[PDB]
Every structure is written in structure tokens, then in C-alpha cells.
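A short worksheet on the structure shown next.
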Amino acid sequence: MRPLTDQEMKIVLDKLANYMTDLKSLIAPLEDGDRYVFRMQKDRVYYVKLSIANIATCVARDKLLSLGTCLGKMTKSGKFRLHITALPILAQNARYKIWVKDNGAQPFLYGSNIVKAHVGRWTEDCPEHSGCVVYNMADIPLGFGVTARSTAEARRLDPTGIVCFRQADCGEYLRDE
Amino acid sequence: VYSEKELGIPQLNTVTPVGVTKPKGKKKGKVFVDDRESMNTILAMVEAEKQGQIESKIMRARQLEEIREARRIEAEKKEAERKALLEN
Amino acid sequence: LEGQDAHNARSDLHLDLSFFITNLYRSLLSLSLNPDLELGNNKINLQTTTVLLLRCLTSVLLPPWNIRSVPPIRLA
RNA sequence: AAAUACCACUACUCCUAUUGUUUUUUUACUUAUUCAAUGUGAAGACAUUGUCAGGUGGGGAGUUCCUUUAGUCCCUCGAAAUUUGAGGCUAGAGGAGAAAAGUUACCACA
């Protein structure tokens, strides 16, 4: 367990800013004079309270397995990745949002990119390769990914046509079972 | 296309200083970023590089000024740490 | 920002009201406990802080555009 | 499991009183302590601080412990009573160094 370095937080915040709007609130102090920090165990990154990290420092390195919320993993090439475990923060502070029907949410739960035939609600003025969190019409966060087209191209796109490329769905909870 | 990290290309001295270079295949001292001021300056850099071109001159000036203020506050924080560890 | 042209300019012009929203949210308490609230076709030059706060809250809670897009967290 | 008559012992649980010890919680006050000033005021028995025993330590400085196996039924600790589990001993097997390194009948691209 170590705190991130300068380049590592540069990369992590680059990813979090590519899919999120506000991060000063993320690193903002709480009412009890405590703050959220970033730590690396093995190769995975973690978002957790400072008090929890300081109380978890007794656990031997080889005996720690989880801490707070896992936001993803650094790769052998030095490139960050986000996870379904990192979803909820993106849901809290998302930049772009796309809502899918049930008949596309079930596909998205099996791991398929959303298409115009399944989308039912949009955010106006969305760039082509933007950051969109995938919800349903009951506003349960289902995933996150990169849009395929901009909003206008999505409107004029064939309904059997990809609009958002999947990057992470809730099904991984059925993988690590 | 191949990476200059893969290739054994020496660092060149330009207007941007090389500084004290670190030897290849050796322990480079990991500097840990944990002060909220340091995350402040890093996050300000990230947000500026993401937002990019702002039409308004005063808006550009204000984002640049908040970057400079984050750097400054980090500077006095480090100076205070230095004084604390040097006298006390 | 509720002017129509500025309304359309929004994102392209990078016009955000978050600082003003936070200022209003953090100043509601002082506005509650200060005395001069009621010692008083115009849209701005209103002599009463009560009606000024009323315009503030109408703008934030019921903006004339995208009424069904207001953040529920801010609402609550 | 244990059988009641007879009479002998000490073992705990729940209450009482005074002819007494300690430990802990709450409240009150300044003498412990903390802060401001110079040619006395406030806070308050809480903090702060110090000494040992420990846990971790990918940071800093220096140099090149547990697990399995077979055995004497040899020793210690825990449990249960008419037996066990964990260590201990003998000698085989496992774990230049935060820079990065090794590997796959797997995936994507070329």
C-alpha cells in the first residue's frame, strides 16, 4: 500500500476528468476534517478515506485485499483503466448520460454496445467520443463507455447502429463470483 | 513509430531544463504526492488541459491564476515542512 | 444566463453558474438571520431582499428552460 | 451420566445490613497542566507530553519468519479428562532486490 506518485495521479485524474466534471469536490475535505485519498495495492487503484487508510496500515502488504472503492487498474504499459467498481463515482458526478430501455439494458448487462434502436433518452450537445454513463429509465446506473457518434449523427443514424461503445458493464460481478 | 523510452536516446538540453538526470537501470527516488495542495495543483493542471480553449481572456487569466496559486500554496507548504524538520 | 441567446451559448461559451449556486446555498442562513429582509416590471432593481431572494430561487429551482432537467440533489 | 431413607463437606447464583478496602462513570472547584503580556488574566484535572510492550512500513540510512516431510514417543503451551491440537530437536523441500524482471496451446491489432 503506497500513495500514488505525480505521474500516476496525472493519469488517474485524466481518466476521471474524461468521464467526470467535478473533481475538486472529490478531493474536498469532509465535515469531520477528513479527506478521500488515492492508494495503490498490487496494481489496482483505490478511493478511500484517509482515516480508513491510516487504520488499515497495520494489515501486512500481502494480507490486504480491498480498501474503499476500487477505481481500476494500472497496466504493464502504464495506462489506467476504469471498472464497474469505479462506476458509482462516475454516476455521482457524470459528464454525459445515456438512458437505455429494458430490451437494451439486458443486452448491455450481457456486454453489448448500445444502439439507436434501444436508446430512449439522450443528452443534447454530446461530442462524438465523449464520456457517457449508461442508465435505464428507472435511473439505476448500469455502466459507462464512449459514445460512437455525436448527438446529431445519433439521431440520423440507422436504428440498427452502434451509438455507445461498451467499456464496462455490471456483469463482471457475475464473473468474480 | 517507436518510443524514445524504448530507444536509448539521451536527454537534450533545451529552453526546458534537463535538470539532474537519473541513471538508467537504477533506483529513481519515488516522490509520493499526498498533500491536498499537491493534488490541488495536479488537478488544476488536469482540468485546464481538459477544458482547453476558452474564448474569454479573463477566463483564461483566471484558470492560469488558479494554477499559479495552487503552485504557490504548495511552495509555502513545502517551505513550512522544511522549516519544521530543520529547527524542530 | 436565462437570456435566450446566452442560453444557447451555454456550453460553447463555457458559462457555469456553480459558484453562484454554492454562494446562494451557503448564504441562505445569513439571509434567514439578518433583519433587513423586509425594509423595502423591473427584473433586477428590486428594493426588497425578500423579492430578490424569491427571484434567485425561482431562477434556480424553476429555470424557464429545461424544467425537467434540474438536479434532484440541488432541488432537495 | 448420576437415585432418592440417615447424616458430613464445600460450590456457585440472587438479595440484606455494616463493624471496612479498592477500581470505573458523571458533576463541581483550582493547586497539575496549556496560552497571551510585562519595566497579571483565561482555559482546565480533559488534552498535550514522556517510558515500555507490540502491528505495518513499495518512504529514509547501512551490509552481503512461518509450511511440508520421516523419526526418539525427547521438551513447552492450549483444550478434555482416562486424550488431542499448536510449537521445540534432528536434515531435505518453499517463499544486487522497488529498478523492474520472468511467463501463457488466451485476447485485439500488425
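Every chain in the C-alpha cells takes a letter, A first, then B, and so on in the order presented; its residues are numbered from 1, and the ligands are numbered from 1 following the presented order.
Using only C-alpha atoms (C1' of nucleotides), the protein and nucleic acid residues lying no more than 10 Å from stretch 62-65 of chain C, apart from those fewer than 2 places from it along its own chain, are residues 2, 3, 4, 7, 55, 56, 57, 58, 59, 60, 67, 68, 69, 70 and 75 of chain C.
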Quick one: residues within 9 Å of stretch 74-82 of chain B, only C-alpha atoms (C1' of nucleotides), excluding same-chain residues fewer than 5 positions away - as a compact mmCIF listing (two decimals) with N, CA, C and O atoms, in the first residue's frame?
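So the final result, stored in around.txt, reads:
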# COMPACT_ATOMS: atom_id res chain seq x y z
N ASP B 35 -0.05 15.51 -0.26
CA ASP B 35 -0.59 16.75 0.29
C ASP B 35 -1.76 17.23 -0.56
O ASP B 35 -1.69 17.24 -1.80
N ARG B 36 -2.84 17.64 0.12
CA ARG B 36 -4.02 18.10 -0.60
C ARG B 36 -3.69 19.27 -1.51
O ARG B 36 -4.29 19.41 -2.57
N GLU B 37 -2.71 20.10 -1.14
CA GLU B 37 -2.26 21.17 -2.02
C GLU B 37 -1.63 20.60 -3.30
O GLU B 37 -1.83 21.15 -4.39
N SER B 38 -0.87 19.52 -3.17
CA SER B 38 -0.27 18.91 -4.35
C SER B 38 -1.31 18.28 -5.26
O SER B 38 -1.25 18.44 -6.49
N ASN B 40 -4.20 19.45 -5.41
CA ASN B 40 -4.84 20.65 -5.95
C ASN B 40 -4.15 21.11 -7.22
O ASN B 40 -4.81 21.36 -8.23
N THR B 41 -2.82 21.22 -7.19
CA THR B 41 -2.11 21.71 -8.36
C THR B 41 -2.18 20.71 -9.51
O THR B 41 -2.38 21.09 -10.67
N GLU B 69 -1.70 29.97 -8.13
CA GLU B 69 -1.98 29.97 -6.70
C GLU B 69 -1.83 28.58 -6.10
O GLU B 69 -1.34 28.45 -4.97
N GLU B 87 14.51 23.15 12.12
CA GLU B 87 14.66 23.54 13.53
C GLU B 87 14.09 22.49 14.48
O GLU B 87 14.79 22.03 15.38
For this session: Have a look at atom CA of residue A:102 and atom CA of residue A:174 and let me know their distance in Å, one decimal.
Result: 19.1 Å
Exercise. DSSP on the backbone: what in stretch 69-158 of chain A comes out helix (DSSP H, G or I), as a list in words?
Worked result: residues 87, 88, 89, 90, 91, 92, 102, 103, 104, 105, 106, 107, 108, 109, 110, 151, 152, 153, 154 and 155 of chain A
All residues 6 Å or closer to stretch 55-62 of chain D, only C-alpha atoms (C1' of nucleotides), same chain fewer than 6 positions away omitted, as a PDB file with C-alpha atoms (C1' of nucleotides), in the first residue's frame:
ATOM      1  CA  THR A  57      -1.972   0.318   7.519  1.00  0.00           C
ATOM      2  CA  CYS A  58      -1.463  -2.403  10.173  1.00  0.00           C
TER       3      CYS A  58
ATOM      4  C1'   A D  98      11.031  -1.084  -5.961  1.00  0.00           C
TER       5        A D  98
END
For this session: Could you list, as a PyMOL selection string, the residues of chain C having an atom within 12 Å of chain B when counting only C-alpha atoms?
Result: chain C and resi 9+11-16
Give one line per residue of stretch 1-84 of chain B that approaches stretch 15-38 of chain A to at most 9 Å, naming the two atoms of the closest pair and their distance in Å to one decimal, counting only C-alpha atoms; sort by chain then ascending residue number and deliver it as JSON lines.
{"residue": "B:34", "atom": "CA", "partner": "A:37", "partner_atom": "CA", "distance": 7.8}
{"residue": "B:36", "atom": "CA", "partner": "A:27", "partner_atom": "CA", "distance": 7.6}
{"residue": "B:39", "atom": "CA", "partner": "A:27", "partner_atom": "CA", "distance": 7.9}
{"residue": "B:40", "atom": "CA", "partner": "A:24", "partner_atom": "CA", "distance": 7.6}
{"residue": "B:43", "atom": "CA", "partner": "A:23", "partner_atom": "CA", "distance": 7.5}
{"residue": "B:44", "atom": "CA", "partner": "A:24", "partner_atom": "CA", "distance": 8.8}
{"residue": "B:46", "atom": "CA", "partner": "A:17", "partner_atom": "CA", "distance": 7.5}
{"residue": "B:47", "atom": "CA", "partner": "A:17", "partner_atom": "CA", "distance": 7.0}
{"residue": "B:50", "atom": "CA", "partner": "A:17", "partner_atom": "CA", "distance": 7.3}
Chain A near chain C within 12 Å: what's each residue's closest atom pair and its distance in Å to one decimal, counting only C-alpha atoms, ordered by chain then ascending residue number, as a Markdown table?
| residue | atom | partner | partner_atom | distance |
| --- | --- | --- | --- | --- |
| A:21 | CA | C:16 | CA | 11.7 |
| A:22 | CA | C:18 | CA | 10.5 |
| A:25 | CA | C:18 | CA | 12.0 |
| A:92 | CA | C:73 | CA | 10.3 |
| A:93 | CA | C:71 | CA | 11.3 |
| A:122 | CA | C:69 | CA | 11.8 |
| A:123 | CA | C:69 | CA | 10.2 |
| A:124 | CA | C:11 | CA | 10.7 |
| A:125 | CA | C:11 | CA | 8.3 |
| A:126 | CA | C:11 | CA | 10.3 |
| A:127 | CA | C:11 | CA | 11.5 |
What would the file look like if the residues just selected were written as a CSV table (one decimal), in the first residue's frame with N, CA and C atoms?
chain,number,residue,atom,x,y,z
A,21,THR,N,-17.0,15.6,-14.4
A,21,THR,CA,-17.0,17.1,-14.5
A,21,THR,C,-16.3,17.7,-13.3
A,22,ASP,N,-16.6,17.3,-12.1
A,22,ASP,CA,-16.1,18.0,-10.9
A,22,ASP,C,-15.2,17.0,-10.1
A,25,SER,N,-14.5,18.6,-5.7
A,25,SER,CA,-15.4,18.0,-4.8
A,25,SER,C,-15.0,16.6,-4.3
A,92,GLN,N,-22.2,9.5,-9.7
A,92,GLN,CA,-22.4,10.7,-8.8
A,92,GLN,C,-22.1,12.0,-9.5
A,93,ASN,N,-21.0,11.9,-10.3
A,93,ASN,CA,-20.5,13.2,-10.9
A,93,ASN,C,-20.3,13.1,-12.5
A,122,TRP,N,-31.7,10.9,-24.5
A,122,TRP,CA,-30.4,11.5,-24.8
A,122,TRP,C,-30.1,12.7,-24.1
A,123,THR,N,-28.8,13.1,-24.0
A,123,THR,CA,-28.3,14.4,-23.6
A,123,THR,C,-27.9,15.2,-24.8
A,124,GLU,N,-28.5,16.3,-25.0
A,124,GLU,CA,-28.2,17.2,-26.2
A,124,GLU,C,-26.8,17.7,-26.1
A,125,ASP,N,-26.2,18.0,-27.3
A,125,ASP,CA,-24.9,18.5,-27.4
A,125,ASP,C,-23.8,17.6,-26.8
A,126,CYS,N,-23.7,16.4,-27.3
A,126,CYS,CA,-22.7,15.4,-26.8
A,126,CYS,C,-21.7,15.2,-27.9
A,127,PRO,N,-20.4,15.4,-27.7
A,127,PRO,CA,-19.4,15.2,-28.7
A,127,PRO,C,-19.4,13.7,-29.2
For this session: Could you give me, as a VMD selection string, the residues within 12 Å of residue C:52, counting only C-alpha atoms (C1' of nucleotides) and dropping anything in the same chain fewer than 3 positions from it?
Result: chain C and resid 24 31 37 to 38 40 42 to 49 55 to 59
Problem set entry | Residue hits in chain B, query chain D, radius 6 Å, only C-alpha atoms (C1' of nucleotides), as a list in words |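 That gives the following set of residues: residues 25, 26 and 27 of chain B.
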Restricting it to N, CA, C and O atoms, dump the selection as a CSV table (one decimal), in the first residue's frame.
chain,number,residue,atom,x,y,z
B,25,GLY,N,18.5,2.2,-15.4
B,25,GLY,CA,18.6,0.9,-14.7
B,25,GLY,C,18.9,1.0,-13.3
B,25,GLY,O,19.6,0.1,-12.7
B,26,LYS,N,18.5,2.0,-12.6
B,26,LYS,CA,18.8,2.2,-11.2
B,26,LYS,C,17.6,2.7,-10.5
B,26,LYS,O,16.6,3.1,-11.1
B,27,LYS,N,17.7,2.7,-9.1
B,27,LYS,CA,16.6,3.2,-8.3
B,27,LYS,C,16.4,4.7,-8.4
B,27,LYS,O,17.2,5.4,-7.9
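From atom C1' of residue D:85 back to atom CA of residue A:60, the distance works out to 26.5 Å.
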Counting only C-alpha atoms (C1' of nucleotides), give me one row per residue of chain A with an atom at most 12 Å from an atom of chain D, showing the shortest contact pair and its distance in Å to one decimal, sorted by chain then residue number, as a tab-separated table.
residue	atom	partner	partner_atom	distance
A:1	CA	D:58	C1'	7.1
A:2	CA	D:58	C1'	6.3
A:3	CA	D:58	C1'	9.5
A:4	CA	D:58	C1'	10.7
A:5	CA	D:58	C1'	11.5
A:39	CA	D:58	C1'	11.4
A:40	CA	D:58	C1'	9.5
A:41	CA	D:58	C1'	9.2
A:42	CA	D:58	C1'	9.5
A:43	CA	D:58	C1'	11.5
A:53	CA	D:56	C1'	11.9
A:54	CA	D:56	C1'	10.3
A:55	CA	D:56	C1'	10.3
A:56	CA	D:56	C1'	9.0
A:57	CA	D:56	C1'	5.8
A:58	CA	D:56	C1'	4.3
A:59	CA	D:56	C1'	6.4
A:60	CA	D:56	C1'	6.0
A:61	CA	D:56	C1'	8.1
A:62	CA	D:56	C1'	11.1
A:63	CA	D:56	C1'	10.8
A:64	CA	D:56	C1'	11.2
A:76	CA	D:100	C1'	11.0
Exercise. So which residues touch residue B:48 within 9 Å, counting only C-alpha atoms (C1' of nucleotides), skipping near sequence neighbours fewer than 6 positions away, as JSON, numbers by chain?
Worked result: {"B": [63, 64, 67]}
Prev. selection, N, CA, C and O atoms, output as a PDB file, in the first residue's frame:
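Contents of part_21.pdb, freshly written:
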ATOM      1  N   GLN B  63      -8.125  30.837 -14.925  1.00  0.00           N
ATOM      2  CA  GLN B  63      -7.650  29.460 -14.804  1.00  0.00           C
ATOM      3  C   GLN B  63      -6.133  29.422 -14.626  1.00  0.00           C
ATOM      4  O   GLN B  63      -5.605  28.667 -13.794  1.00  0.00           O
ATOM      5  N   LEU B  64      -5.413  30.268 -15.366  1.00  0.00           N
ATOM      6  CA  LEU B  64      -3.972  30.336 -15.161  1.00  0.00           C
ATOM      7  C   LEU B  64      -3.628  30.800 -13.750  1.00  0.00           C
ATOM      8  O   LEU B  64      -2.733  30.229 -13.117  1.00  0.00           O
ATOM      9  N   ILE B  67      -4.040  28.068 -11.262  1.00  0.00           N
ATOM     10  CA  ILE B  67      -2.878  27.183 -11.330  1.00  0.00           C
ATOM     11  C   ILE B  67      -1.692  27.775 -10.570  1.00  0.00           C
ATOM     12  O   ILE B  67      -1.031  27.072  -9.787  1.00  0.00           O
TER      13      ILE B  67
END
For this session: Excluding residue A:155 and residues on its chain fewer than 5 positions from it, collect all residues at most 12 Å away from it, counting only C-alpha atoms (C1' of nucleotides), and give them as an MDAnalysis selection string.
Result: chainID A and resid 115:117 119:126 149:150 160:163
Problem set entry | Polymer residues at most 9 Å from residue A:11, only C-alpha atoms (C1' of nucleotides), same-chain spacing of 2 or more positions, as a ChimeraX atom specification | /A:6-9,13-16,78-80 /B:46
Please save C-alpha atoms of the selected residues as a JSON list (two decimals), in the first residue's frame.
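Written output follows (out.json):
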[["chain", "number", "residue", "atom", "x", "y", "z"],
["A", 6, "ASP", "CA", 2.74, 12.58, -9.53],
["A", 7, "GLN", "CA", 2.52, 10.87, -12.93],
["A", 8, "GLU", "CA", 0.16, 8.21, -11.58],
["A", 9, "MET", "CA", -2.33, 10.77, -10.28],
["A", 13, "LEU", "CA", -7.23, 12.26, -12.88],
["A", 14, "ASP", "CA", -7.01, 12.39, -16.67],
["A", 15, "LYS", "CA", -9.31, 9.37, -16.84],
["A", 16, "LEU", "CA", -11.61, 10.67, -14.10],
["A", 78, "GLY", "CA", 1.48, 2.43, -17.62],
["A", 79, "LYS", "CA", -2.07, 3.13, -18.75],
["A", 80, "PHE", "CA", -5.07, 3.43, -16.43],
["B", 46, "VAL", "CA", -5.62, 18.24, -15.50]]
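From atom CA of residue A:135 back to atom CA of residue A:118, the distance works out to 12.1 Å.
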